[PDB]
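Residue numbers (the entry's author numbering), protein chains in the order written: chain D, 3 to 92; chain B, 3 to 92; chain C, 5 to 86; chain A, 3 to 86.
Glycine included, each C-beta is placed from N, C-alpha and C at the ideal position.
One structure below.
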Amino acid sequence: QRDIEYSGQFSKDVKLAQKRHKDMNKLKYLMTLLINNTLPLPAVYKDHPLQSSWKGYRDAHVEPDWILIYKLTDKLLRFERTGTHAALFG
Amino acid sequence: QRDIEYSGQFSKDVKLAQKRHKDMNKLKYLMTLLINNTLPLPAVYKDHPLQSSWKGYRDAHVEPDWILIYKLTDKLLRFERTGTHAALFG
Amino acid sequence: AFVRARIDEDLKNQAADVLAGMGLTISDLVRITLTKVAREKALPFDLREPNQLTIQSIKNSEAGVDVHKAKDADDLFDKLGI
Amino acid sequence: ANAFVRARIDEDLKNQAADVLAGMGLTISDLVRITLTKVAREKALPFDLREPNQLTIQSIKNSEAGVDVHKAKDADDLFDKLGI
């Protein structure tokens, strides 16, 4: 089983999504998929590696403009950020 | 160790690359990495799933306009096509 | 109909050189990209690198700053208040 | 130092892409600049812009059916069989 972490920025992003009445169930369902190693994911999530100088980071789409960034290693799954393209990449 | 296959179209594609005087050393080294299960590939190959409803297919870049399409499963490595974007996607 | 976009001249020249190498013009890439956007109702991947906030979060996390643990999905969801 | 990208396009495609993009706070010209910036920086195309063409699809259909597929024992035997 993978160790589970989340970053402070993630808890803030989550509270932000929650504040603007996003369907938090979509995010939870995705996160549960990750936690249970039900991998690889349904195709709708468009899961792919994050482009950065940091191996292990990946990027999945809860919605076309609602992104989850997470790190995935053999022993670790860290929820890192979540939000729009603009909020994470803009 | 995965079983190794190649398609007839790949044979043709490889002959065409030779004829065009492409640097076959680049392609051969990538292919060796694939055969040796040296996965994930080094970042320079920009390796990623093929955009297709065909499962297990991937797309690696020998050069920015030199693509290798191959299928990779737990038991199988198959070299499918190689060429320019125009040849494969155009 | 036409797409019209202001852009830095030097950027335009560099992109045009790259595309010319592949037998393409900028207008070809524009049509191809807009077609993908229209069909998929989504953006192509990795168009922009992670921004300053995302990078800061990754650096902090990597250095063990502001990282929190959870035992399971229930624990996690409770801790995040969802 | 400020030029223009000018590209002929189907009007309905343009409107639809513009709707999709507007949903995310972007304009078409935004996407053009973003995309060309990536191309110029990386000297390469964004991923997955086009589906495999008919020849590629046919090769895949054939191989999936077991048609015109060839085996090799290892790298040496593969390269030998390919003539490389």
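Excluding its 5 nearest sequence neighbours in each direction, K83(C) has C-beta neighbours in its own chain below 8 Å: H72, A74, listed in chain order. Collapsing the DSSP output to three states places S61(A) in a helix. Look at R52(C) here: in three-state DSSP terms it is coil, with no helix or strand label. Taking a 10 Å sphere around the C-beta of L52(D), we find 16 or more other C-beta atoms and assign the residue as buried. With contacts defined as CB atoms closer than 8 Å, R35(A) and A24(C) fail to qualify as a contacting pair. The C-alpha of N64(C) lies about 20 Å from the C-alpha of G92(D).
Straight-line measurement puts the Cα of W68(D) at about 13 Å from the Cα of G27(A). The closest CA to that of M26(B), considering only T40(B), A89(B), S9(B), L70(B), is found on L70(B). One alpha carbon belongs to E44(A), the other to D76(A), and they sit about 34 Å apart.
Secondary-structure assignment with DSSP links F81(D) through a beta bridge to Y8(D), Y72(D).
At least one CB of chain C lies nearer than 8 Å to the CB of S31(A). In this chain, the alpha helix (DSSP H) harbouring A89(D) covers 87 to 91.
In its chain, beyond the 5 residues on either side, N64 have a beta carbon closer than 7 Å to the beta carbon of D70(C). Across the set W56(D), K77(D), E82(D), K17(D), the C-alpha of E82(D) shows the shortest separation from the C-alpha of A62(D). Residue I30(A) holds the alpha-carbon nearest to the alpha-carbon of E13(A) among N55(A), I30(A), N4(A), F6(A). The beta carbon of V69(A) does not come within 8 Å of any beta carbon belonging to chain C, so the residue lies off that interface.
Rounded to whole angstroms, the Cβ separation of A46(A) and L15(C) is 15 Å, and the two are not in contact under 8 Å. Classified as exposed, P42(B) has fewer than 16 neighbouring CB atoms from the shown chains inside 10 Å of its CB. Listed along chain A, no residue sits closer than 7 Å to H23(D) by beta-carbon distance, the nearest being about 17 Å off.
Contacts with chain B at 8 Å (Cβ-Cβ) do not include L28(A). In the assembly as shown, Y31(B) is an exposed residue. Its beta-carbon has fewer than 16 other beta-carbons within 10 Å.
Counting along the chain, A9(A) sits inside the beta strand (DSSP E) bounded by residues 4 to 10. Residue burial is scored here from C-beta neighbours: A19(C) has at least 16 other C-beta atoms within 10 angstroms and is therefore classed as buried. Assignment of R60(D) by DSSP, reduced to helix, strand and coil, places it in the strand class. In the structure shown, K73(C) falls within a strand segment according to DSSP collapsed to helix, strand and coil. Between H50(B) and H87(D), the C-beta gap is not smaller than 8 Å, which leaves the two residues out of contact. Residue environment for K17(D): exposed (fewer than 16 other C-beta atoms within 10 angstroms of its C-beta).
Burial is judged here by how many other beta carbons sit within 10 angstroms of a residue's own beta carbon; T75(B) has fewer than 16 and is exposed.
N17(A) has its alpha-carbon roughly 14 Å from the corresponding atom of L33(A).
In the DSSP assignment, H50(D) forms a beta bridge with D61(D). For the pair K48(B) and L38(A), the Cα-to-Cα distance works out to about 18 Å.
For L43(B), the secondary structure class from DSSP, reduced to helix, strand or coil, is coil. For the segment 62 to 85 of chain D, the beta-carbon criterion of a distance under 9 Å to any beta-carbon of chain A is satisfied by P66, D67.
For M26(C), the three-state secondary structure derived from DSSP is coil. By the neighbour-count criterion, in which a residue is buried when 16 or more other Cβ atoms sit within 10 angstroms of its Cβ, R22(D) is exposed.
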